[PDB]
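Working notes, beginning with the structure itself.
Positions of Cβ are generated from backbone atoms using ideal geometry, with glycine treated the same way; all protein chains shown enter the neighbour counts. A short reminder: the numbers here are calculations on the coordinates, not readings from a lab.
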Amino acid sequence: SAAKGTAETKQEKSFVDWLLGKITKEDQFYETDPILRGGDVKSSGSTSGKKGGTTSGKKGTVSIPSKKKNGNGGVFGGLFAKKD
């Protein structure tokens, strides 16, 4: 008892479109939650300490050989490698 009709239809150009959007969230991608400053009181971030025991390790100008006399040797590769 029916055939065809008005399937395509949608006209929302009023304040209601924006108003109703406030009730149904209608958010985009705001995660920071800009309510005032950020919504995070936090506490701290410096309880640990490494101290400056040493002030010199690998300059990269006078330390290194700047030529590498060795290199032909090496059976595995991770035998004389340092990376503490």
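If you check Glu26 against the conditions, is it in a loop (DSSP other than H, G, I, E, B) and surrounded by 10 or more Cβ atoms within 10 Å (Cβ to Cβ)? Here the answer is yes, as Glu26 does meet what is asked.
Annotation note: Cβ proximity below 9 Å between a residue of region 38-67 that is hydrophobic (A, V, I, L, M, F, W, C) and a residue that is part of a loop (DSSP other than H, G, I, E, B) (sequence gap 6+ or interchain) occurs for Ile64/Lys58. Any residue at all in region 8-18 that's aliphatic (A, V, I, L, M), over 31 Å from the mean Cα position of the chain (by Cα) and not in a loop (DSSP other than H, G, I, E, B)? Yes, region 8-18 has at least one match.
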